[PDB]
> 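Please find one structure pasted underneath; my questions will follow.
Quick note: residue numbers are just sequence positions, from 1. In listed order, ligands and their atoms are each counted from 1. Scope of the values below: all heavy atoms of this structure, side chains included, with no hydrogens, waters or symmetry mates.
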Amino acid sequence: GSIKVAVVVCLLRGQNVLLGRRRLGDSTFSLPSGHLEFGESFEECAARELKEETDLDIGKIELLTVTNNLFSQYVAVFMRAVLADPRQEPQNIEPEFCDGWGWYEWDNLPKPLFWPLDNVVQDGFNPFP
Ligand SMILES: CC(C)=CCC/C(C)=C/COP(=O)(O)OP(=O)(O)O
C-alpha cells in the first residue's frame, strides 16, 4: 500500500463554506481536495486545486489541522482560505469529478459527507475563525 498526501480546503465567505458533490466517495459532499504535487507548498496546492475545480482564486491560506485516513492511506492537510475577490462564484469546470458547488453553513452541512470529512466533523473540527 501507498501513503499519499492530500490538501483539503475550507474556502470561507462570511459564515459559509464551499462544498461540492463528488463524482472514491461517489455522490457524497466534500471539500475541494487533491493530491500534493512534488515541489508544492500546502498553499500552492490549495490554490491550484480550487483553480482547477472551480476557477476560483483564493488567498490568505492558513493551516488548520491534519488527519490520517486509511482505505491506500491519505494524510489530509486541512487549510482555510478566502476568495481573493469575494464577488466571484464557483464554476463547475470538472464535471467528470463533481456535480456542482454550493455555499453552506457549518451549522447545517449537507449529507451524506465523504467519510473522511464526516470523521473530522464528528471530532469537532470547525474552520471558521
Ligand atoms: C477531508 C478529506 C476529503 C480527507 C480525505 C483526503 C482524500 C482521500 C482526498 C482524495 O483526493 P481526490 O479528490 O483527488 O480523490 P482521489 O483520491 O480518488 O483521486
> I'd like to check which ligand 1 atoms, numbered from 1 as shown, lie under 4.0 Å from a non-hydrogen atom of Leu24.
18 (O)

> When you compare the side chains of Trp101 and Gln91, does any donor N or O come within less than 3.5 Å of an acceptor on the partner?
no

> Taking the six-membered ring of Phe114 as reference, does the NZ or CZ atom of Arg22 fall below 6.0 Å from its centre and within a 45° cone about the axis?
yes

> List the steps and the verdict of side-chain hydrogen bond (donor to acceptor under 3.5 Å, both in side chains) for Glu105 and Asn16.
CA-CA 5 Å; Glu105 292 194 282; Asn16 284 317; over 6 Å; no

> Which is it for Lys4 and ligand 1 at heavy atoms under 4.0 Å: side chain, backbone, both or neither?
neither

> Can you confirm whether more than 12 heavy atoms, excluding those of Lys60, are under 6.0 Å from its NZ atom?
no

> Heavy atoms only: which of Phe97, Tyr74, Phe78 is nearest to atom 7 (C) of ligand 1?
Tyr74

> Can you confirm, on distance only, whether ligand 1 has an N/O atom lying under 3.5 Å from any N/O atom belonging to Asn69?
no

> Minimum distance, heavy atoms only, to atom 15 (O) of ligand 1: which one of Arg22, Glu49, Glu53 is it?
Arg22

> Pair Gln88, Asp85 - check side-chain hydrogen bond (donor to acceptor under 3.5 Å, both in side chains), show working.
CA-CA 6 Å; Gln88 304 291 334; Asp85 178 4; 2.9 Å; yes

> What about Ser33: any of its N or O atoms under 3.5 Å from an N or O on ligand 1?
yes

> Check whether any side-chain heavy atom of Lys111 sits under 4.5 Å from a side-chain heavy atom of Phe29, and report yes or no.
no

> Which residue owns the protein heavy atom closest to atom 4 (C) of ligand 1, what's the atom, and how far is it?
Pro116 CB, 3.3 Å

> Is it true that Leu31 lies under 4.0 Å from ligand 1, counting heavy atoms only?
no

> For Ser30, take its heavy atoms, then give the atoms of ligand 1 lying under 4.0 Å from any of them.
3 (C)

> Counting non-hydrogen protein atoms only, what is the nearest one to atom 14 (O) of ligand 1? Give residue, atom name and distance.
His35 CD2, 3.7 Å

> Any atoms of ligand 1 less than 4.0 Å from a non-hydrogen atom of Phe114? List them with their elements.
3 (C)

> Say whether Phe42 and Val9 are linked into one hydrophobic cluster, either directly or through other cluster members, by side-chain heavy-atom distances under 4.5 angstrom.
yes

> Assess whether a salt bridge exists between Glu43 and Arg48, defined as any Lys/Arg side-chain N lying under 4.0 Å from an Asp/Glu carboxylate O.
no

> Can you sort out which atoms of ligand 1 are near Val8, meaning under 4.0 Å from one of its heavy atoms?
1 (C), 2 (C)

